[PDB]
Ligand SMILES: [Ca+2]
């Protein structure tokens, strides 16, 4: 895991354990967001597997039990550009790297581990994704931003 | 230190130092208190003085008073730590919000800390004005 | 929205959902709940009940992608439950035609449909099967194009159970080919009035592609309905000697008398009218009518052997132009029951010879000596059938269907092998019809079943036991297709035969007379020199033996053409449109060989894919290896796919059976993840984005928290208190 990366876990653990009342313990319901800060993006299915919880209060955790949750959420699969490009192609009848807003919305909110309607309008606005006159968007661009990061 | 703050301190020490002997004694405090509002009990007066190593000349006076008002941030520095939760920049915090922050976040307050704090707080229309309250708590 | 296509054009967890056996529906839509070795516990989607089912009794299903599919060969799963579901789906919606490979399926509508109009025929002309909805016209239209371009004879064997649609569809084919002559169409009314026989009619074509002649062949006319029937032009009356009452003659009032929607009055007139147009001299057509009326009379002759009158036995001799004396004579003491049964032997033999003669004659009218190129035959006969009790009649039908099977197989063998040749797949391999031959031989070969029976008839001594023993004597243990009767209203069984579409327990009682007849060779002499000119010809100068030569004729014929099989199905036993009985339908599936077509398919490659459409659908299964025929070479390579479960191809990929269903599994299960991973990526981006605002606030809160606790404790300071007090 590298000492430096354990120090990093430490760093972040604090910012969190503090906000849900500083006491050297973090709500297991945040274990996701914690690791999401250290780069990684596990899947909800992923997080619960190691210890995460559906609600706050349910339970809190020390840094001692935290180390392995992150050891865990590391060996979990992440998606490449190829993969995101592949899957998105299966919704393109034209084949020219397009899609409509409405449909893209459907893919995100309706298929796979759904995404609230808020996170969607969110990332849309963040990445500043824009549609043309016909109301379509180049899914290639979008995937690239999301992949980029909030600060590129 | 500061001047104007001193000018008062002295004139004060004067009104407090009744037996006009340039020193503050258990009788000095008890004396003036009663001439105004209820005064402290012996125990209060005792430990109230024990707070000053030796005799209370206008020096050990200004000393303990200055060591009280020491370790404080600006009215600007605080008004910002506040606007740090005032996204829209409205110069007001929604009461349920602030109460929530202080109550169970960071260094959780307690019900008393909570009551003592809001007994004064300027909340009217659901919104708790942190400007007016930053002043009240400061200058 | 076109009126012409109203009843012609079509309007899930791959691991939970499956097909589980049912008693009412044949198969039920189930969703698995829990495994337990072999005991799977599923939930019925319909009633929502629960039950267990052997694991090896579960069948795989098809995704909503193939709802009411027009061609079933294009379905992922072709199992008795996917097929029955597709048909029944279409059927209850008006669509009664469906393809499945090279086979067309017709489900009896039991109601009139506006799909045969001239409007509709216009649209099917010269259309290629994939171009337009499934229809019988398409099958006919295509056979035409093939005969033309390929320059060879075509042929349609329309099969199915009794009451399925064999006849109706045969007629629509001719009516079709005729629309894109008058006597031809007119041969049906007379043959239908008189007929319970197999029909093969060839329609010849000339150098300009027009009808230039036609002939008819018939097979095994019954014969039994004449005198027995299970429950359910006045001028001529004196010529036939009949009293216009049908319920008067035993031989025709056993079962029914009248027939909802058949006017015997008008049909008689039209039948008479048709004899004229056919060019039948008045004597000829009165010879017919009399011989048939005789049968009625032949059955009025009472007895005691000695006679019990003579009135009715004369009318008979009269109409057949022979001496009533010389008759009853050669009938009671050939040179009480042996007689009444030879009476029937005569009736039957006349009518057959009759019905037989009738056909020969209608072919006369038709063999125009014009110039013939190629032809298009149409076969309307009997397919496999297993009843409670099976005898000689069935063995004959079954033996027939067996040789037909080899044909249907063969065509597929030929056909299949073209693909692997076209594509470049490697599988010389051996032919297929090859299984089957054991049964064919058991029945037809030199010492076969029939040959034994045939040599057993020529002996007057023989009986049902020397025949039965002489059989085991030859094949018991010397041929595995021949097996002692097994276990079950299943009437007697003396042996069993393992037919392509079923195991049949045959009762050989009475097989000796069935095969050899018994009219007084005496009366055949009387009639041999009768006065009536027709009767004289009918008796001028065994079943199995005739049928042998017969079947071989039809086969060498069929093997010189291009086959098209049409399977008819009787959706139900109650004759009502749109209702399906699953049990009945299902039954056909086996013995109908749609199930045989699937089998033969599963032994090779069923599902075929053009790399262009394959790459597009299965790239998402190894995208970290894709920089159309090589891309797939990669994907399927990446997946570390067994070289067995698939094959090369020039333009297309060949996946063994089931495999494609399983790729849609992955191939799907894979696309979901990726979608999640990009949602995870979106979840992680939004989180990390809001990482700053959480540090600043962490400080901005510590200010307020520590700086209020100060102003709080400063107010709880006596000094300050008292100070504040002095203030003024
Ligand atoms: Ca905490």
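Here the Cβ is made from the backbone with ideal geometry for all residues, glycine too, and neighbour counts use every protein chain on show. Every read-out reported here was derived from the displayed coordinates using simple, explicitly stated rules and does not represent laboratory data.
For region C:579-629 and region C:1-61, what is the separation of their C-alpha centers, rounded to whole Å?
Here the answer is 18 Å between Cα centres.
How big is the gap, in Å, between the Cα center of region C:134-161 and the Cα center of region C:350-394?
19
Just the Cα atoms of chain C: what Rg and Dmax do they give in Å?
36.9, 163
Give me the distance in nm between label points sitting 7 Å out from Cα along the Cα-to-Cβ direction at residue C:180 and residue B:50, one decimal.
11.7
Per the Debye formula with a single identical scatterer at each Cα and no solvent contribution, what log10 I(q)/I(0) holds for region C:392-509 at q = 0.15, 0.18, 0.19 Å⁻¹?
The Debye formula, applied to the Cα set alone, gives -0.73, -0.94, -1.02.
How big is region B:4-66 in terms of Cα radius of gyration and Dmax, in angstroms?
11.3, 33
Calculate the length of the line joining the C-alpha centroid of region C:201-256 to that of region C:650-672, in whole Å.
With region C:201-256 and region C:650-672 each reduced to a Cα centre, they are spaced 56 Å.
Under 10 Å, Cα contacts only: if you run a Gaussian network model on chain A, which one of A:43, A:93, A:105 comes out with the highest mean-square fluctuation?
For chain A, modelled as a Gaussian network with Cα springs under 10 Å, the answer is A:93.
With r as the distance between the Cβ atoms of residue A:102 and residue B:73 and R0 = 35 Å, compute the FRET efficiency 1/(1 + (r/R0)^6) and round to 0.05.
0.10
Hey, got the average number of other protein chain Cβ atoms within 10 angstrom for residues in A:111-120?
Values: counts 5, 10, 8, 3, 7, 1, 0, 1, 5, 2.
Taking the mean over all residues of the peptide, I get 4.
Compute the whole-percent fraction of alpha carbon pairs in region C:22-99 spaced more than 21 Å apart.
On the way: 1051 of 3003 pairs.
When all Cα pairs of region C:22-99 are counted, 35 percent exceed 21 Å.
Please rank C:681, C:135, fewest neighbouring Cβ atoms within 10 Å first, as an exposure proxy. Intermediate values should be presented prior to the final figure.
Values: C:681 19, C:135 27.
The fewest-first ordering by Cβ neighbours comes to C:681, C:135.
Per residue and in Å³, how big is the convex hull formed by the alpha-carbon atoms of region A:3-72?
75
Using r as the Cβ-Cβ distance of residue C:329 and residue C:239, and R0 as 22 Å, what FRET efficiency do you calculate, to the nearest 0.05? Before the final figure, lay out each step's value.
Values: r = 26 Å, r/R0 = 1.17.
E between residue C:329 and residue C:239, to the nearest 0.05, is 0.30.
Compute the projected area of the convex hull of the Cα atoms of the protein assembly as shown, averaged over all viewing directions, and report it in nm² to one decimal place. Write down the numbers at each step before the final one.
Numbers: hull surface 264.2 nm².
Computing the convex hull of the Cα atoms and averaging its projections yields 66.1 nm².
Can you pull the mean other chain C-beta count within 10 Å for peptide B:42-52?
Mean inter-chain Cβ contacts per residue within 10 Å come to 1.
By how many degrees, between 0 and 90 and to the nearest 10, does the Cα long axis of helix B:95-104 differ from the longest principal axis of chain B?
70
On average, how many beta carbons from a partner chain sit within 10 Å of the beta carbon of a residue in A:73-85?
Mean partner shielding for this stretch: 4.
Set the Förster radius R0 to 60 Å, insert the Cβ-Cβ distance between residue A:7 and residue C:171 as r into 1/(1 + (r/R0)^6), and round the FRET efficiency to 0.05.
0.10
As a test of the definition: which semi-axes, in Å, follow for region B:75-137 when you take the square root of five times each eigenvalue of its alpha carbon gyration tensor? Largest first, please.
17, 13, 12
Could the peptides C:254-266, C:393-405, C:545-557, B:32-44 be put in order, highest first, of the mean number of other beta-carbon atoms found within 10 Å of their residues? Walk me through the intermediate numbers first.
Numbers: C:254-266: 9.9, C:393-405: 21.5, C:545-557: 14.8, B:32-44: 12.4.
Put in order of decreasing packing, that is C:393-405, C:545-557, B:32-44, C:254-266.
What Kirkwood Rh does chain A have if only Cα atoms enter the pairwise 1/r average? Answer in Å.
17.5
Hull surface divided by four, with the convex hull built on the Cα atoms of chain B: how many nm²?
11.1
If the viscosity is 1.002 mPa s and the temperature 20 °C, what Stokes-Einstein diffusion coefficient in µm²/s follows for region C:227-284 when Rh is the Kirkwood radius over Cα pairs?
160
Can you give the three extents of the C-alpha atoms in region C:607-672 along their principal axes, from longest to shortest, in whole Å?
29, 27, 20 Å, listed from the longest principal axis down.
Is any residue of region B:68-110 close enough, with backbone N under 17 Å, to a label point placed 7 angstrom from the Cα of residue C:727 along the Cα-Cβ axis, and if so, which?
B:69
If we sort B:19-29, B:73-83, C:616-626 on the protection proxy, mean other Cβ atoms within 10 Å, highest first, what's the order?
In descending order of packing, they fall as C:616-626, B:73-83, B:19-29.
Which order do the peptides C:513-520, C:47-54 take when ranked by the mean count of other beta-carbon atoms within 10 Å per residue, highest first?
C:513-520, C:47-54
As an exercise, take the mean of 1/r over every pair of distinct alpha carbons in region C:681-728, invert it, and state the Kirkwood radius in angstroms.
Mean inverse Cα-Cα distance, inverted, gives 13.9 Å.
What do the square roots of 5 times the Cα gyration tensor eigenvalues come to for region C:325-425, in whole Å, largest first, as semi-axes of the equivalent ellipsoid?
Numbers: eigenvalues 413, 121, 15 Å².
Equivalent-ellipsoid dimensions as semi-axes: 45, 25, 9 Å.
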